[PDB]
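Residue numbers (PDB author numbering), protein chains in the order written: chain N, 2 to 151; chain X, 1 to 145; chain W, 2 to 130. Beta carbons are placed, not taken as given, at the ideal position from N, Cα and C, and that holds for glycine. Please read the structure below before turning to the comments.
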Amino acid sequence: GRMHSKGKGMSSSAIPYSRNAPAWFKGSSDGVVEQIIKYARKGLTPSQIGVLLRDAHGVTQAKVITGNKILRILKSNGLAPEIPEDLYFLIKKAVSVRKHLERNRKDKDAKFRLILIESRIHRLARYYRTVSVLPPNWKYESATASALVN
Amino acid sequence: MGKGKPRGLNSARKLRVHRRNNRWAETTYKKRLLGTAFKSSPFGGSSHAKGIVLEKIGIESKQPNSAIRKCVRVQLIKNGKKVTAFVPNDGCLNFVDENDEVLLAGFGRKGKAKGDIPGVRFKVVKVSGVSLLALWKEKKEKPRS
Amino acid sequence: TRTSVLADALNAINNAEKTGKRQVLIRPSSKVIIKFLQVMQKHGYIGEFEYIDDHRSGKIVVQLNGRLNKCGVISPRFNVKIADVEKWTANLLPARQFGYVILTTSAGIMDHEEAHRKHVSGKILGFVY
RNA sequence: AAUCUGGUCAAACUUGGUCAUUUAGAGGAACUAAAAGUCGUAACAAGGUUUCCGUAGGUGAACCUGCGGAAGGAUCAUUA
RNA sequence: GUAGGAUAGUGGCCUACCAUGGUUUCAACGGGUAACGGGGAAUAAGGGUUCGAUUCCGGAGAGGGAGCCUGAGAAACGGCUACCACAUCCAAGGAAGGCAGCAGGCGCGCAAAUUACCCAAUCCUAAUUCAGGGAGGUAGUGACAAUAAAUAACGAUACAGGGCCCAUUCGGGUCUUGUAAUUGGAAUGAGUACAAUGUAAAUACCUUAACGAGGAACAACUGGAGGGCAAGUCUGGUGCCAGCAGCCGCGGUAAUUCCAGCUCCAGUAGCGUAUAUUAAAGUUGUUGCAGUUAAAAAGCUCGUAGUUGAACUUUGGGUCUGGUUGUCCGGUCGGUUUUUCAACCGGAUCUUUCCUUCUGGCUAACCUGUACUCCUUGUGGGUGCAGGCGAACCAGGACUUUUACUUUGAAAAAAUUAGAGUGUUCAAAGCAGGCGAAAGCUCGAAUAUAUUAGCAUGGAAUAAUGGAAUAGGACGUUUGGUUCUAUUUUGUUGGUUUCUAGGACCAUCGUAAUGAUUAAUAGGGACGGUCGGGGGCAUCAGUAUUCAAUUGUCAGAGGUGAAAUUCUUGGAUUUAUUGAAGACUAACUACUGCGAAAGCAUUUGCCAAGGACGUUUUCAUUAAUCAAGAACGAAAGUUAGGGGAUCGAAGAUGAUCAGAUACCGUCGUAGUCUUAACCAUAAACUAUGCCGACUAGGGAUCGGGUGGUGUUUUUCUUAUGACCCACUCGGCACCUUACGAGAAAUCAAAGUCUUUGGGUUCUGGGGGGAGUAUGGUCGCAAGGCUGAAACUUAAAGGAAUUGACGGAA
Ligand SMILES: [Mg+2]
Ligand SMILES: [Mg+2]
Ligand SMILES: [Mg+2]
Ligand SMILES: [Mg+2]
Ligand SMILES: [Mg+2]
Ligand SMILES: [Mg+2]
Ligand SMILES: [Mg+2]
Ligand SMILES: [Mg+2]
Ligand SMILES: [Mg+2]
Ligand SMILES: [Mg+2]
Ligand SMILES: [Mg+2]
Ligand SMILES: [Mg+2]
Ligand SMILES: [Mg+2]
Ligand SMILES: [Mg+2]
Ligand SMILES: [Mg+2]
Ligand SMILES: [Mg+2]
Ligand SMILES: [Mg+2]
Ligand SMILES: [Mg+2]
Ligand SMILES: [Mg+2]
Ligand SMILES: [Mg+2]
Ligand SMILES: [Mg+2]
Ligand SMILES: [Mg+2]
Ligand SMILES: [Mg+2]
Ligand SMILES: [Mg+2]
Ligand SMILES: [Mg+2]
Ligand SMILES: [Mg+2]
Ligand SMILES: [Mg+2]
Ligand SMILES: [Mg+2]
Ligand SMILES: [Mg+2]
Ligand SMILES: [Mg+2]
Ligand SMILES: [Mg+2]
Ligand SMILES: [Mg+2]
Ligand SMILES: [Mg+2]
Ligand SMILES: [Mg+2]
Ligand SMILES: [Mg+2]
Ligand SMILES: [Mg+2]
Ligand SMILES: [Mg+2]
Ligand SMILES: [Mg+2]
Ligand SMILES: [Mg+2]
Ligand SMILES: [Mg+2]
Ligand SMILES: [Mg+2]
Ligand SMILES: [Mg+2]
Ligand SMILES: [Mg+2]
Numbered sequence: 002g003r004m005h006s007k008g009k010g011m012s013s014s015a016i017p018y019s020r021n022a023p024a025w026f027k028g029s030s031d032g033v034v035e036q037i038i039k040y041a042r043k044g045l046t047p048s049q050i051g052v053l054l055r056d057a058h059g060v061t062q063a064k065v066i067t068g069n070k071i072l073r074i075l076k077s078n079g080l081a082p083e084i085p086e087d088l089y090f091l092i093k094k095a096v097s098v099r100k101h102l103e104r105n106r107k108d109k110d111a112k113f114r115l116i117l118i119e120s121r122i123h124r125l126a127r128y129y130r131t132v133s134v135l136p137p138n139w140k141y142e143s144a145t146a147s148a149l150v151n
Numbered sequence: 001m002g003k004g005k006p007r008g009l010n011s012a013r014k015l016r017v018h019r020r021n022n023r024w025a026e027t028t029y030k031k032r033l034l035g036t037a038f039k040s041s042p043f044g045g046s047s048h049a050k051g052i053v054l055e056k057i058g059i060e061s062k063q064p065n066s067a068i069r070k071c072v073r074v075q076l077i078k079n080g081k082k083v084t085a086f087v088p089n090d091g092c093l094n095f096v097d098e099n100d101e102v103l104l105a106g107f108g109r110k111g112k113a114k115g116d117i118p119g120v121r122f123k124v125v126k127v128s129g130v131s132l133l134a135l136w137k138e139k140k141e142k143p144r145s
Numbered sequence: 002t003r004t005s006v007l008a009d010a011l012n013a014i015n016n017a018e019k020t021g022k023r024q025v026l027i028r029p030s031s032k033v034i035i036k037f038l039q040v041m042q043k044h045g046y047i048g049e050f051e052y053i054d055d056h057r058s059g060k061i062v063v064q065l066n067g068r069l070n071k072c073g074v075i076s077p078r079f080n081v082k083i084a085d086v087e088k089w090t091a092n093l094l095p096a097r098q099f100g101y102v103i104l105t106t107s108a109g110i111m112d113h114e115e116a117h118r119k120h121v122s123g124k125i126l127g128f129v130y
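If you want it as structure tokens, here you go:
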């Protein structure tokens, strides 16, 4: 019921019944893949790409039409970033928080938030390590965090 | 509610530890462990102790019932500690006399007071090798002085 | 987290029974759960039950007969060494005569009597009396 | 064979050092018991300044009084 | 580690040289043990808890510590050598010692036996039938513990209870029971005692002759006699005494509780007391407790270990075939063998299905058909061997995803425990016994437990683990290769290269359905519009108070709790404009909103973050809670800076009361407020841990989001906005019954708990002593975290009920 806050909501995407294609909504799988690749090249993250596909074009999910997801496709092509997207975002957030703290020494809530973010990042990092995406003996923290980010 | 204690199939050591920890709230258990009887408790965690009658002392009783309870200040032989032993039945204190050896027993309450006699923990049983009850009865006689 | 899905289901069923409902809706719907349900049916504690295919995990509906009294689930799946089975039964079930102690084992998810017959016990799941 | 040169095992001793457990111990400062001591009446009734809590400071003793908090409050109440 | 040395040998066992390891919150290390380990013991529903010096197995030790001889085996102590500690013998020069063997003594202590008899048994040692044996047995003492049970029995007569032939009143009493120092016959062994038994010799037992029972004995004690708890409102003595009393309590001139008699109870050769301990104690809780208020939820969030963790991969049907008890008759000489039937447990298979696969041995078998027939008209039946079904077994590869779980098995010394058999006279026991001609024969000395770990095998549910996503993947008629290795024959050695058969490793060709489960009303992250008294930094208001300035007006204004003090008049106050300062941020303001809590309400801005939502977005187990540690954290206090208006601990001071440094009163340093450091506590309280699920109605209410030809805005249709209504998800919130609960107040959770088990953390175990002592540790301190015991005490609490009461209404 949420990781960090005490807010237990279900703001959530439903997903339709048919694993098979929504008949009429046409195009091609290959075309979709190409589009995704292009997006990746441009700079759009997998989620972003998916959103784009949903909004203007007739795509519902890549999982449906291609068979494969988006991240997987990117990997196959050679386009998934070194740091996975969510993790990267988290890191960025942490960095921002750190910066804010530096700017304004006296700020307790902010500090707490930063700490929380860091913890989250650590968790994520650990998970990644367990999986085998990010190589082991590697902490994504604070001083080098900035460097990692940019 | 899962109710406090871990119900996992591999949560056994933790449970044991918890139990152990709890054990130190139970008083008897604690006593058994630390050797409070062996380190204190005038007697050496024993049933009885022979002791020398230092003097006859009438002690004033607690409350409700009001009386003087004909106790004896006894010095235990083995340790050297000084205690106060109540002396049972009518008279009895006369029989006990003064400077006699006196075999004490616990009063009943695993230490502690015995009803109304405040600061008193022991029955005199034998005086100089007889038995107080017996003396009272006059079934057996005293071995002179 | 949603720990012991089966347990949750059982609890729900119990609640329904207490209420006086004629049927229950169950979310997660496992293999184990299904097995349990089947066992119950065999015994004679439950009507129809139907697995909805949410194109996903599962979702069961159970027809209650009004016969169930408790449909319990013991917590960690304790390792039962055949002789201990009797003890377990004594602990859980009312009467030597009737009721069951649904326990998974090598052979399959079965009641206690069945296990005895087989000559094969294992880890407990639940009970029905 | 005594005797004997180097080792080695090393008791013990001497004088120190150290940890544990005991144990004298002038004085101190406590607590407990007991039925009838002394000065208060703190709390309990809005207990006659409502109680507490934290915290400072004071006092002969309860205790007082700041500050913040709590009602186990002496109010589940004032509509427009 | 390497090498040596040593040792019977392995080995940092020791030496040399080098390396820097090794163990640890899955509690290393240290400390304690009134700890030798285990078999086992006590208790005894199940789970347990405590004890185990002690008859068996191990291990240690011989006053302590050391060293060694001899020897197969000792670091022996009924061997030696030393030193320490203790001690003996002495002619003082010197000698000898070691009971934790047995006996015995002291000593200590609450606490434990004879300086006895013997090798007959049991076994042991040697040069060994033969000796020895305080090992061992035999008695002695012995109320440790355990078993078995005497302490009158039957009469008669004599006085009363009960059946009654009949009850005109009786009564015989024809029938049966209890009471009397009557009395009488019949035993008895406890004692004694010839004998004989036993026995190494004795005792004692069992066996006997003889004597030995009549209340005076051949004599039962202990505790109790209000309750708990079986049994005295008996009598006297006592009179808060003396005493009993585990606890409750009894005692104060009417004691059923003290002290005596009688009665009487309980247990009985035992019964009491003391301490432990087990049960009872679900008052240590895994089974199986509590934490809103009774003791108990860390103030809050973070968080490593730990503990746990959504669903998804082989399901279903047939076809035979082994049993195993009920049935159908006993088909039978109370027992047995099939069928009509059954459920139940297997086995083989076939179902898109491999159970590990082959290199070979044995291919049992016929899938066979080579001659076709011993022969009822036959597919009833088998002498029979080239192709060849291999499961009928081996004996070797190849390499196993690995566990946990459970199965049966093999091992868990005997004694113990459970337990079968059996006349120790019975039993506690014991391993004995039992039957003949009673010339010889003959049953026994079982079985089961112990679940920790290891071994063995079957099972594949549950739970984990693993694999093909740069496929460096799988196979194989690949076709090249590369590195091999290498034995077998070329006479036998040393080659070199082959044919070849087995490794291994890069190519390329083919084969296949070629390879990712879901995407948890789990979680993270992007996106979208939003929301907010959420935080930081920055400004704006009200101001409001105060001092001061200038301004005006001449007796008081402040203050009062009823009342007073207290201040100015050379207008203080009051009236009016300002200024400075640092405060705060009303009204708005609610059963309203946000924040992890603490906490947060004027302005705008800036700075990031956040929940809810919406989402056909994306990752795929990242998840839940947490001892180590971390982040915050009201107020006060603190150090150090700014200010200080008022209130305002300290202090002055004015009343009141027996008094009152207390309220009330007036004043008012520290602060209060702020800024830089700390501190880390609260009735940080919802006195309610978190996550999860489910159970009963209702309206609202905040924040999102849907639909309404709804209404109004009105700039004509509008389109935003703002409502109305319905549903929707979301946090700070009523009524009834509770069947759910709860001791009850109450609770829709404090429910789904003796019908006890969703996942976790933490806390509590009568009250006090005490949040103390001590040590740690943390601090500038104040204090914080951590945290005792001795000793004490029968209640401390909670909730409510009726009262009584209240300067409450
Ligand atoms: Mg949720
Ligand atoms: Mg968390
Ligand atoms: Mg009295
Ligand atoms: Mg030397
Ligand atoms: Mg008042
Ligand atoms: Mg008072
Ligand atoms: Mg008061
Ligand atoms: Mg004062
Ligand atoms: Mg070596
Ligand atoms: Mg022991
Ligand atoms: Mg010892
Ligand atoms: Mg032992
Ligand atoms: Mg000892
Ligand atoms: Mg031994
Ligand atoms: Mg000795
Ligand atoms: Mg020795
Ligand atoms: Mg000796
Ligand atoms: Mg010896
Ligand atoms: Mg001896
Ligand atoms: Mg004795
Ligand atoms: Mg002996
Ligand atoms: Mg004797
Ligand atoms: Mg007899
Ligand atoms: Mg008597
Ligand atoms: Mg008595
Ligand atoms: Mg009496
Ligand atoms: Mg009675
Ligand atoms: Mg009387
Ligand atoms: Mg107990
Ligand atoms: Mg309790
Ligand atoms: Mg409490
Ligand atoms: Mg609390
Ligand atoms: Mg606290
Ligand atoms: Mg699962
Ligand atoms: Mg037995
Ligand atoms: Mg002033
Ligand atoms: Mg609001
Ligand atoms: Mg305002
Ligand atoms: Mg902590
Ligand atoms: Mg402050
Ligand atoms: Mg004042
Ligand atoms: Mg005064
Ligand atoms: Mg206590």
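Check                                                                                                                                  : Outcome
Chain X contact residues for residue 76 of chain W, given Cβ-Cβ distances below 8 angstroms                                            : 7
Sub-8 angstroms separation of residue 54 of chain X and residue 69 of chain X beta-carbons                                             : no
Residue from X:143, X:130, X:61 and X:113 with nearest C-alpha to residue 50 of chain X                                                : X:130
Three-state secondary structure (DSSP) of residue 117 of chain W                                                                       : helix
Other residues of its chain near residue 53 of chain W: CB distance less than 6 angstroms, five sequence neighbours each side excluded : 60
Proximity of residue 120 of chain X and residue 132 of chain X at Cβ, strictly below 8 angstroms                                       : no
Every unbroken beta strand (DSSP E) inside the stretch 38-77 of chain X [3 residues or more]                                           : 48-57 and 71-76
Residue burial classification, residue 126 of chain X (beta-carbon count within 10 angstroms, cutoff 16)                               : buried
Buried or exposed (CB count within 10 angstroms, at least 16 for buried), residue 126 of chain N                                       : buried
Outcome for residue 9 of chain X when other beta-carbon atoms lying within 10 angstroms are tallied against a minimum of 16            : exposed
Bridge partner(s) assigned by DSSP for residue 86 of chain X                                                                           : X:71 and X:123
Backbone CA spacing between residue 42 of chain X and residue 137 of chain X [nearest angstrom]                                        : 30 angstroms
Local Cβ density within 10 Å of residue 17 of chain X, reported as buried at 16 or more and exposed below that                         : exposed
Under 8 angstroms between C-beta atoms of residue 69 of chain W and residue 18 of chain W                                              : yes
Cβ-Cβ distance between residue 24 of chain N and residue 65 of chain N below 8 angstroms                                               : no
Reduced DSSP secondary structure (H/G/I, E/B, other) of residue 98 of chain W                                                          : coil
For residue 43 of chain N, three-class secondary structure by DSSP                                                                     : helix
Stretch pair the stretch 39-56 of chain N + the stretch 65-85 of chain N: three plus CB contacts closer than 8 angstroms               : yes
Reference residue 72 of chain W; option with closest CA among W:4, W:5 and W:14                                                        : W:14
Start and end residues, alpha helix (DSSP H) containing residue 22 of chain W                                                          : It is not in any alpha helix (DSSP H) - residue 22 of chain W carries neither H nor E in the DSSP assignment.
Sufficient close CB pairs (3 or more, under 8 angstroms) joining the stretch 94-109 of chain W to the stretch 117-124 of chain W       : yes
Exposure label - residue 113 of chain W; buried when at least 16 CB within 10 Å                                                        : buried
Residue environment, residue 90 of chain W, which counts as buried when at least 16 other CB atoms sit within 10 Å                     : buried
Buried or exposed by the 16-neighbour rule on C-beta atoms within 10 Å, applied to residue 10 of chain W                               : buried
Three or more C-beta pairs below 8 angstroms linking the stretch 82-101 of chain N and the stretch 121-138 of chain N                  : yes
Per DSSP, the bridge partner or partners of residue 62 of chain W                                                                      : W:26 and W:51
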